[PDB]
Structure formats: C-alpha cells, structure tokens
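In what follows, a structure is listed as structure tokens, so that the remarks can point back to it.
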Amino acid sequence: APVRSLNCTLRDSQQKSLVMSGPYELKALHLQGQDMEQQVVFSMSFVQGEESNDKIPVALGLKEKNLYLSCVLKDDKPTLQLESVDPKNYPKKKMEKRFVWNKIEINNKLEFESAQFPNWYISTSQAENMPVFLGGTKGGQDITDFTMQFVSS
C-alpha cells in the first residue's frame, strides 16, 4: 500500500485510556471493563520525514474517521487539535508538517513529539477526565509517556 498504517490504542504511563470528548477533543481517564470499548482507536501511519533508529515520523488519525491530530499556533503557543481532512486524499505518505509526530521509544514507553514544534509533546494531566494537550515540558507534573496496544484491525 502507498502508505502503511496499523490500528492501535494508547494508554499513558498512569494507565489512563483516551476517549473522545466533543467532536474535536480527546480526554484521558482511568477506564476498565465494559467502558473499555469507549476508548479511541488510532490509525497510525508511517509517513515521510527525518528518521532514526529510535525516532519514527508518524501521522495519528482516528480509525475510519477523517480526523487527524494536528499542531497549530493558537495565542502564540503550540496547540493540539483534531482536524478534519478530505476523506479521499488521506492518509498519504507525504503529510503536511502540522500532522507529523516523531514517535520516540524510550524506557519501554513512547513519546510523541511535534515535528513542527521541537520538544513539545502530546501530554495528559494527572487529573481524571481532562483534555489531552500539547505540553512543552518533560519530567514535570504532566504525563508524556505512553504504551501502545496493537488491535486486530
């Protein structure tokens, strides 16, 4: 296939799952049992970009939905957002830069750094049911590490 993709779910280091809040927002919360099915399933695409043995550029879209995680400036600050795209032109090998994330493998966890804004990462709050956001700090009060689960697709 032109661009290779795989379906997966993500959980932060505190074992919180991700779910859709509104139509353009994601939230993280401790989930278990039946409610598990509420979690978002991502379609991770391996796109073009600077690559390393521990740094792989990917695009993160929602499975079967023309919605992708994007980074844009808002109030002079990098911000995370869910963006709608033409369902016929995506995904594609050469994604616009705002859609690109550097998937970094550390300890045994994963971090997702904005390709557009160096050292800004997809983060979650320690608190329950808060929005997923773009944070510019590591080893702080916010969580930037995740684990990934592959789903049968």
Side-chain angles (χ1 to χ4, degrees), residues 1-13 16-29 31 37-125 130-140 142-153:
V3 61
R4 288 193 291 169
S5 306
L6 60 74
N7 300 317
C8 63
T9 57
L10 300 172
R11 254 198 283 295
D12 68 22
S13 57
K16 295 204 298 296
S17 296
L18 307 180
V19 303
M20 277 206 276
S21 177
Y24 298 110
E25 189 173 64
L26 297 181
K27 291 185 305 173
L29 45 61
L31 218 53
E37 276 52 292
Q38 295 180 58
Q39 83 185 320
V40 182
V41 175
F42 293 97
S43 174
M44 180 183 290
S45 293
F46 299 79
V47 299
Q48 300 295 301
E50 191 297 301
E51 189 179 306
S52 177
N53 55 62
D54 57 307
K55 178 168 290 191
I56 310 301
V58 300
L60 294 169
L62 279 53
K63 193 190 72 165
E64 302 183 304
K65 286 189 175 301
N66 55 144
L67 287 168
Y68 288 81
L69 284 181
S70 181
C71 288
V72 297
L73 286 177
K74 199 170 184 299
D75 277 59
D76 309 301
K77 180 179 181 178
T79 305
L80 174 73
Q81 65 160 40
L82 273 299
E83 192 181 323
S84 299
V85 303
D86 189 306
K88 179 85 288 75
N89 306 316
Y90 292 76
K92 53 187 180 182
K93 295 184 66 179
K94 194 48 123 292
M95 296 284 285
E96 292 60 43
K97 191 71 175 180
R98 66 175 184 283
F99 292 119
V100 183
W101 302 89
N102 288 148
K103 179 171 69 67
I104 305 165
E105 298 184 301
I106 59 175
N107 181 301
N108 70 65
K109 311 291 189 303
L110 298 174
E111 304 188 326
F112 293 93
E113 177 202 42
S114 165
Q116 187 103 296
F117 303 106
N119 304 120
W120 279 76
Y121 305 86
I122 292 180
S123 315
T124 60
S125 172
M130 291 299 282
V132 172
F133 59 103
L134 194 61
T137 56
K138 289 177 60 181
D142 303 313
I143 308 170
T144 59
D145 295 347
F146 302 76
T147 57
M148 161 179 57
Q149 297 77 218
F150 297 79
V151 303
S152 63
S153 175

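Nothing fancy with the numbering, it's 1 onward along the sequence.
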With sequence neighbours left out, what residues match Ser45 under side chain to side chain donor-acceptor pair (under 3.5 Å)? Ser5
Residues passing the ring pair (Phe, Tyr, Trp, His ring centres under 6.0 Å) test with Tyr121, sequence neighbours excluded, are none
Residue set satisfying side chain to side chain donor-acceptor pair (under 3.5 Å) with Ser21, at least two apart, ordered chain then number -> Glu25
Output every pair passing salt bridge (charged side-chain N to carboxylate O under 4.0 Å, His left out) with a member in residues 113-124, not counting sequence neighbours, ordered by first then second residue. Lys55-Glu113
Measuring from atom CG of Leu18 to atom NZ of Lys27, what distance do you get when rounded to the nearest 0.5 angstrom? 11.5 Å
Shortest non-hydrogen contact from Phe46 to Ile56? CD2-CG2, 3.8 Å
Mind listing the closest non-hydrogen atom pair of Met95 and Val47 along with its distance? CG-CG1, 3.3 Å
Show the nearest heavy-atom pair for residues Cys8 and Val151, with the distance to one decimal. N-CG2, 3.9 Å
Taken in chain and number order and not counting sequence neighbours, the residues that satisfy salt bridge (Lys or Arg N to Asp or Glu O under 4.0 Å) with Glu51 are none
State, to 0.1 Å, how close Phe42 and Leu10 come at their nearest heavy-atom pair, and which atoms those are. CE1-CD1, 3.9 Å
Look up atom OG1 in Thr137 and atom CG in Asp142, then write down how far apart they are to the nearest 0.5 Å. 5.5 Å
Keeping to residues at least two apart or across chains, list the side chain to side chain donor-acceptor pair (under 3.5 Å) pairs with something in residues 99-112. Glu111-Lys138
With rounding to the nearest 0.5 Å, note down the distance linking CD in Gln39 to CG in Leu29. 10.5 Å
With a cut-off of 3.5 Å and sequence neighbours excluded, list every side-chain donor-acceptor pair involving residues 59-74.
from, atom 1, to, atom 2, distance (Å)
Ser70, OG, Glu83, OE1, 3.1

What pairs with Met130 under side-chain contact (heavy atoms from CB on, under 4.5 Å), at least two apart in sequence or on another chain? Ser125, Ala127
Who pairs with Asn7 by side chain to side chain donor-acceptor pair (under 3.5 Å), at least two apart in sequence or on another chain? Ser153
Sequence neighbours excluded, the answer for side-chain contact (heavy atoms from CB on, under 4.5 Å) partners of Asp86 is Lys88, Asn89
Hits for salt bridge (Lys or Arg N to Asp or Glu O under 4.0 Å) against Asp12, two or more places apart or cross-chain, chain-then-number order -> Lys16
As a quick check of understanding, evaluate side chain to side chain contact (heavy atoms under 4.5 Å, CB included) for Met44 and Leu6, giving each step before the final call. CA-CA 5 Å; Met44 180 183 290; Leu6 60 74; 4.2 Å; yes
Which residues pass the side chain to side chain donor-acceptor pair (under 3.5 Å) test with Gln149, not counting sequence neighbours? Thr9, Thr147
Can you tell me how far the CG atom of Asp145 sits from the OG atom of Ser123, to the nearest 0.5 Å? 9.5 Å
When you measure from the side chain of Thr79 to the backbone N and O of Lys77, does any donor-acceptor pair fall under 3.5 Å? yes
Return the NZ to CZ distance between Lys97 and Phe117, rounded to the nearest 0.5 Å. 11.0 Å
